[PDB]
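Note: the block below is query_13.pdb and it holds PDB, C-alpha atoms.
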ATOM      1  CA  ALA A   1      26.771  18.467   1.820  1.00  0.00           C
ATOM      2  CA  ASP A   2      23.453  18.494  -0.085  1.00  0.00           C
ATOM      3  CA  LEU A   3      23.411  17.088  -3.650  1.00  0.00           C
ATOM      4  CA  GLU A   4      20.598  18.736  -5.659  1.00  0.00           C
ATOM      5  CA  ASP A   5      21.560  19.975  -9.174  1.00  0.00           C
ATOM      6  CA  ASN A   6      19.999  16.682 -10.379  1.00  0.00           C
ATOM      7  CA  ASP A   7      18.159  16.637 -13.738  1.00  0.00           C
ATOM      8  CA  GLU A   8      19.294  13.551 -15.675  1.00  0.00           C
ATOM      9  CA  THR A   9      17.740  11.497 -12.859  1.00  0.00           C
ATOM     10  CA  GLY A  10      14.735  10.731 -15.086  1.00  0.00           C
ATOM     11  CA  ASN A  11      12.857  14.024 -14.582  1.00  0.00           C
ATOM     12  CA  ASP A  12      10.882  13.343 -17.778  1.00  0.00           C
ATOM     13  CA  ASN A  13       8.912  10.542 -16.088  1.00  0.00           C
ATOM     14  CA  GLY A  14      10.085  10.124 -12.478  1.00  0.00           C
ATOM     15  CA  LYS A  15       9.204   6.437 -13.009  1.00  0.00           C
ATOM     16  CA  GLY A  16       9.167   4.806 -16.470  1.00  0.00           C
ATOM     17  CA  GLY A  17       8.529   1.423 -14.824  1.00  0.00           C
ATOM     18  CA  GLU A  18       4.739   0.988 -14.733  1.00  0.00           C
ATOM     19  CA  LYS A  19       5.337  -2.116 -16.857  1.00  0.00           C
ATOM     20  CA  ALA A  20       1.635  -2.749 -17.651  1.00  0.00           C
ATOM     21  CA  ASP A  21       2.551  -6.146 -19.148  1.00  0.00           C
ATOM     22  CA  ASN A  22       0.347  -8.880 -17.670  1.00  0.00           C
ATOM     23  CA  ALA A  23      -0.223  -9.282 -13.900  1.00  0.00           C
ATOM     24  CA  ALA A  24       3.298  -7.919 -13.338  1.00  0.00           C
ATOM     25  CA  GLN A  25       1.992  -4.358 -12.931  1.00  0.00           C
ATOM     26  CA  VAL A  26      -0.536  -5.768 -10.438  1.00  0.00           C
ATOM     27  CA  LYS A  27       2.202  -7.096  -8.134  1.00  0.00           C
ATOM     28  CA  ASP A  28       4.107  -3.788  -8.059  1.00  0.00           C
ATOM     29  CA  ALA A  29       0.722  -2.188  -7.306  1.00  0.00           C
ATOM     30  CA  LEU A  30      -0.050  -4.442  -4.362  1.00  0.00           C
ATOM     31  CA  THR A  31       3.488  -3.944  -2.990  1.00  0.00           C
ATOM     32  CA  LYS A  32       2.959  -0.181  -3.373  1.00  0.00           C
ATOM     33  CA  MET A  33      -0.096  -0.294  -1.091  1.00  0.00           C
ATOM     34  CA  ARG A  34       1.899  -2.480   1.350  1.00  0.00           C
ATOM     35  CA  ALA A  35       4.609   0.119   2.055  1.00  0.00           C
ATOM     36  CA  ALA A  36       1.826   2.729   2.236  1.00  0.00           C
ATOM     37  CA  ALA A  37       0.388   1.085   5.365  1.00  0.00           C
ATOM     38  CA  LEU A  38       3.813   0.822   7.027  1.00  0.00           C
ATOM     39  CA  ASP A  39       4.960   4.225   5.753  1.00  0.00           C
ATOM     40  CA  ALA A  40       1.672   5.527   7.161  1.00  0.00           C
ATOM     41  CA  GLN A  41       2.665   4.029  10.529  1.00  0.00           C
ATOM     42  CA  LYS A  42       5.184   5.656  12.864  1.00  0.00           C
ATOM     43  CA  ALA A  43       7.146   6.770   9.763  1.00  0.00           C
ATOM     44  CA  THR A  44       5.083   9.211   7.662  1.00  0.00           C
ATOM     45  CA  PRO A  45       2.246  10.104  10.081  1.00  0.00           C
ATOM     46  CA  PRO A  46      -0.580  10.795   7.546  1.00  0.00           C
ATOM     47  CA  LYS A  47      -2.806  12.737   9.971  1.00  0.00           C
ATOM     48  CA  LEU A  48      -1.978  11.293  13.391  1.00  0.00           C
ATOM     49  CA  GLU A  49       0.230  13.903  15.112  1.00  0.00           C
ATOM     50  CA  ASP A  50      -2.245  13.609  18.005  1.00  0.00           C
ATOM     51  CA  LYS A  51      -2.516   9.933  19.031  1.00  0.00           C
ATOM     52  CA  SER A  52       0.731   7.931  19.073  1.00  0.00           C
ATOM     53  CA  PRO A  53       0.561   4.661  21.103  1.00  0.00           C
ATOM     54  CA  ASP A  54      -2.524   6.017  22.943  1.00  0.00           C
ATOM     55  CA  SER A  55      -5.738   3.910  22.953  1.00  0.00           C
ATOM     56  CA  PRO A  56      -6.487   1.213  20.247  1.00  0.00           C
ATOM     57  CA  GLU A  57      -4.162   3.261  17.994  1.00  0.00           C
ATOM     58  CA  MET A  58      -1.779   0.300  18.421  1.00  0.00           C
ATOM     59  CA  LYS A  59      -4.277  -2.472  17.564  1.00  0.00           C
ATOM     60  CA  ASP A  60      -6.110  -0.652  14.751  1.00  0.00           C
ATOM     61  CA  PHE A  61      -2.620  -0.029  13.367  1.00  0.00           C
ATOM     62  CA  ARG A  62      -1.557  -3.628  13.844  1.00  0.00           C
ATOM     63  CA  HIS A  63      -5.001  -4.997  12.921  1.00  0.00           C
ATOM     64  CA  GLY A  64      -5.125  -2.255  10.224  1.00  0.00           C
ATOM     65  CA  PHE A  65      -1.875  -2.839   8.290  1.00  0.00           C
ATOM     66  CA  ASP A  66      -2.487  -6.565   8.908  1.00  0.00           C
ATOM     67  CA  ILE A  67      -5.696  -6.573   6.863  1.00  0.00           C
ATOM     68  CA  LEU A  68      -3.944  -4.636   4.076  1.00  0.00           C
ATOM     69  CA  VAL A  69      -0.964  -7.002   4.296  1.00  0.00           C
ATOM     70  CA  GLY A  70      -3.480  -9.878   4.601  1.00  0.00           C
ATOM     71  CA  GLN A  71      -5.222  -9.051   1.271  1.00  0.00           C
ATOM     72  CA  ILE A  72      -1.993  -8.008  -0.435  1.00  0.00           C
ATOM     73  CA  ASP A  73      -0.723 -11.565  -0.025  1.00  0.00           C
ATOM     74  CA  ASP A  74      -4.087 -12.990  -1.151  1.00  0.00           C
ATOM     75  CA  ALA A  75      -4.207 -10.636  -4.169  1.00  0.00           C
ATOM     76  CA  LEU A  76      -0.558 -11.227  -5.096  1.00  0.00           C
ATOM     77  CA  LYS A  77      -0.896 -15.024  -5.265  1.00  0.00           C
ATOM     78  CA  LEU A  78      -3.848 -14.381  -7.578  1.00  0.00           C
ATOM     79  CA  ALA A  79      -1.652 -12.301  -9.889  1.00  0.00           C
ATOM     80  CA  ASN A  80       1.051 -14.981  -9.812  1.00  0.00           C
ATOM     81  CA  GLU A  81      -1.274 -18.030  -9.789  1.00  0.00           C
ATOM     82  CA  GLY A  82      -3.750 -16.008 -11.958  1.00  0.00           C
ATOM     83  CA  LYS A  83      -3.849 -13.795 -15.062  1.00  0.00           C
ATOM     84  CA  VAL A  84      -4.302 -10.000 -14.878  1.00  0.00           C
ATOM     85  CA  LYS A  85      -8.029 -10.141 -15.633  1.00  0.00           C
ATOM     86  CA  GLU A  86      -8.606 -12.644 -12.818  1.00  0.00           C
ATOM     87  CA  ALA A  87      -6.278 -10.551 -10.630  1.00  0.00           C
ATOM     88  CA  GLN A  88      -7.974  -7.232 -11.471  1.00  0.00           C
ATOM     89  CA  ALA A  89     -11.239  -8.946 -10.457  1.00  0.00           C
ATOM     90  CA  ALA A  90      -9.827  -9.408  -6.932  1.00  0.00           C
ATOM     91  CA  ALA A  91      -9.187  -5.648  -6.784  1.00  0.00           C
ATOM     92  CA  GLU A  92     -12.881  -5.032  -7.557  1.00  0.00           C
ATOM     93  CA  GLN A  93     -14.173  -7.035  -4.573  1.00  0.00           C
ATOM     94  CA  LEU A  94     -11.320  -5.579  -2.488  1.00  0.00           C
ATOM     95  CA  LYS A  95     -12.167  -2.108  -3.862  1.00  0.00           C
ATOM     96  CA  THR A  96     -15.509  -1.980  -2.026  1.00  0.00           C
ATOM     97  CA  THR A  97     -13.850  -3.481   1.070  1.00  0.00           C
ATOM     98  CA  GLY A  98     -10.204  -2.333   1.103  1.00  0.00           C
ATOM     99  CA  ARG A  99     -10.420  -0.288   4.314  1.00  0.00           C
ATOM    100  CA  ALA A 100     -12.944  -0.933   7.104  1.00  0.00           C
ATOM    101  CA  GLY A 101     -12.354   0.987  10.354  1.00  0.00           C
ATOM    102  CA  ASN A 102     -10.555   4.139   9.141  1.00  0.00           C
ATOM    103  CA  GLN A 103     -11.783   5.750  12.397  1.00  0.00           C
ATOM    104  CA  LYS A 104     -11.187   4.632  16.014  1.00  0.00           C
ATOM    105  CA  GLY A 105      -7.642   5.430  17.246  1.00  0.00           C
ATOM    106  CA  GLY A 106      -7.395   7.148  13.828  1.00  0.00           C
TER     107      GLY A 106
END

structure tokens encoding of this file:
Amino acid sequence: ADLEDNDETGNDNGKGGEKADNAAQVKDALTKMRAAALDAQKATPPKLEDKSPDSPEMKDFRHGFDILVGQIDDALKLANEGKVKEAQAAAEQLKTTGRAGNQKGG
């Protein structure tokens, strides 16, 4: 049976956990982008619906979520082993880079 009829489930914020303390909010942010790459995979097809394991779709996906996962680990250690200012700096250099292919198999 469906549940629904929910309202006291924090509908006044839907979150209330952005922390915004010091470097902590940066880690939750990096982890957010992490699940985005996987969720974007064969789970929540962003705009695929016309490729599937056909052509480099596999590698760009593997090599794609790998880069994101690769910088998420590098950026997270910075937040831990670094302050939020030093950590936010990493986002700046990663902001211009971040993605790279976007096309090909996508």

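Remark: for residue 88 (chain A), the closest of the candidate residues A:32, A:57, A:12, A:27 is A:27 (distances computed over all atoms listed in the file).
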
Using all atoms listed in the file, which residues sit within 10 Å of residue 73 (chain A) once same-chain residues fewer than 5 positions away are excluded, as a list in words?
residues 27, 30, 31, 34, 67, 68, 78 and 79 of chain A

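Those residues returned by the PyMOL selection byres ((chain A and resi 25) around 12) for this file are residues 17, 18, 19, 20, 21, 22, 23, 24, 26, 27, 28, 29, 30, 31, 32, 76, 79, 80, 83, 84, 85, 87 and 88 of chain A.
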
Could you list, as number ranges by chain, every residue within 9 Å of region 37-45 of chain A, counting only C-alpha atoms and ignoring same-chain residues fewer than 4 positions away?
A: 33, 49, 52, 61, 64-66, 68-69

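Relative to CA of residue 74 (chain A), CA of residue 90 (chain A) is found at 8.9 Å.
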
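Coordinates place CA of residue 95 (chain A) at a distance of 18.2 Å from CA of residue 82 (chain A).
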
Edge lengths and centre in Å to one decimal, as AutoDock Vina command-line options, is what I'm after for the box along x, y and z that holds all listed atoms of region 18-34 of chain A once 6 Å is added on each side.
--center_x 2.4 --center_y -4.1 --center_z -8.9 --size_x 17.9 --size_y 22.3 --size_z 32.5

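Nearest residue to residue 103 (chain A), choosing from A:72, A:48, A:36, A:89 and counting only C-alpha atoms: A:48.
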
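Picture a line from CA of residue 51 (chain A) to CA of residue 98 (chain A); it runs 23.0 Å.
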
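The nearest approach to residue 62 (chain A) among the residues A:4, A:81, A:97, A:105, with only C-alpha atoms taken into account, belongs to A:105.
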
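Using only C-alpha atoms, the shortest contact distance between residue 71 (chain A) and any of A:47, A:7, A:53, A:99 is found at A:99.
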
Pull N, CA and C atoms for region 42-60 of chain A from the block and write them as a PDB file, in the first residue's frame.
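The resulting file, out-v2.pdb, is reproduced below:
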ATOM      1  N   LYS A  42      23.756   3.695 -14.991  1.00  0.00           N
ATOM      2  CA  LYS A  42      22.585   2.830 -15.297  1.00  0.00           C
ATOM      3  C   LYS A  42      21.647   2.833 -14.089  1.00  0.00           C
ATOM      4  N   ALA A  43      21.240   3.995 -13.650  1.00  0.00           N
ATOM      5  CA  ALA A  43      20.324   4.081 -12.464  1.00  0.00           C
ATOM      6  C   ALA A  43      19.310   5.199 -12.694  1.00  0.00           C
ATOM      7  N   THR A  44      19.785   6.370 -13.027  1.00  0.00           N
ATOM      8  CA  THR A  44      18.886   7.524 -13.300  1.00  0.00           C
ATOM      9  C   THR A  44      19.336   8.142 -14.622  1.00  0.00           C
ATOM     10  N   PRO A  45      19.308   7.365 -15.680  1.00  0.00           N
ATOM     11  CA  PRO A  45      19.709   7.817 -17.033  1.00  0.00           C
ATOM     12  C   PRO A  45      19.372   9.301 -17.277  1.00  0.00           C
ATOM     13  N   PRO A  46      20.327  10.182 -17.108  1.00  0.00           N
ATOM     14  CA  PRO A  46      20.108  11.645 -17.314  1.00  0.00           C
ATOM     15  C   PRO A  46      19.521  11.931 -18.700  1.00  0.00           C
ATOM     16  N   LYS A  47      20.232  11.561 -19.732  1.00  0.00           N
ATOM     17  CA  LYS A  47      19.728  11.793 -21.115  1.00  0.00           C
ATOM     18  C   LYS A  47      20.245  10.692 -22.032  1.00  0.00           C
ATOM     19  N   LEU A  48      20.547   9.550 -21.482  1.00  0.00           N
ATOM     20  CA  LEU A  48      21.023   8.431 -22.335  1.00  0.00           C
ATOM     21  C   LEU A  48      19.807   7.905 -23.106  1.00  0.00           C
ATOM     22  N   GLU A  49      19.134   6.928 -22.572  1.00  0.00           N
ATOM     23  CA  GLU A  49      17.914   6.390 -23.242  1.00  0.00           C
ATOM     24  C   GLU A  49      18.166   6.205 -24.741  1.00  0.00           C
ATOM     25  N   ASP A  50      19.389   6.003 -25.135  1.00  0.00           N
ATOM     26  CA  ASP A  50      19.669   5.819 -26.586  1.00  0.00           C
ATOM     27  C   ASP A  50      21.129   5.413 -26.775  1.00  0.00           C
ATOM     28  N   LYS A  51      21.719   4.785 -25.790  1.00  0.00           N
ATOM     29  CA  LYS A  51      23.144   4.362 -25.926  1.00  0.00           C
ATOM     30  C   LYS A  51      23.370   3.056 -25.170  1.00  0.00           C
ATOM     31  N   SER A  52      23.169   3.031 -23.880  1.00  0.00           N
ATOM     32  CA  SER A  52      23.401   1.753 -23.154  1.00  0.00           C
ATOM     33  C   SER A  52      24.833   1.303 -23.462  1.00  0.00           C
ATOM     34  N   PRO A  53      25.222   0.138 -23.021  1.00  0.00           N
ATOM     35  CA  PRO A  53      26.594  -0.399 -23.282  1.00  0.00           C
ATOM     36  C   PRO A  53      26.882  -0.521 -24.787  1.00  0.00           C
ATOM     37  N   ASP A  54      26.800   0.578 -25.494  1.00  0.00           N
ATOM     38  CA  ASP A  54      27.055   0.586 -26.964  1.00  0.00           C
ATOM     39  C   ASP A  54      28.131   1.625 -27.280  1.00  0.00           C
ATOM     40  N   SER A  55      29.291   1.189 -27.707  1.00  0.00           N
ATOM     41  CA  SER A  55      30.397   2.143 -28.050  1.00  0.00           C
ATOM     42  C   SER A  55      31.125   2.553 -26.747  1.00  0.00           C
ATOM     43  N   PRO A  56      32.044   3.506 -26.784  1.00  0.00           N
ATOM     44  CA  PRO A  56      32.786   3.936 -25.553  1.00  0.00           C
ATOM     45  C   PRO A  56      31.862   4.327 -24.397  1.00  0.00           C
ATOM     46  N   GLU A  57      30.574   4.203 -24.571  1.00  0.00           N
ATOM     47  CA  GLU A  57      29.639   4.564 -23.460  1.00  0.00           C
ATOM     48  C   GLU A  57      30.151   3.915 -22.170  1.00  0.00           C
ATOM     49  N   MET A  58      30.650   2.713 -22.274  1.00  0.00           N
ATOM     50  CA  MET A  58      31.184   2.000 -21.079  1.00  0.00           C
ATOM     51  C   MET A  58      32.422   2.724 -20.540  1.00  0.00           C
ATOM     52  N   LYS A  59      33.428   2.904 -21.356  1.00  0.00           N
ATOM     53  CA  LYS A  59      34.673   3.564 -20.867  1.00  0.00           C
ATOM     54  C   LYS A  59      34.402   4.997 -20.425  1.00  0.00           C
ATOM     55  N   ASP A  60      33.834   5.817 -21.263  1.00  0.00           N
ATOM     56  CA  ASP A  60      33.587   7.225 -20.823  1.00  0.00           C
ATOM     57  C   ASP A  60      32.834   7.193 -19.500  1.00  0.00           C
TER      58      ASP A  60
END
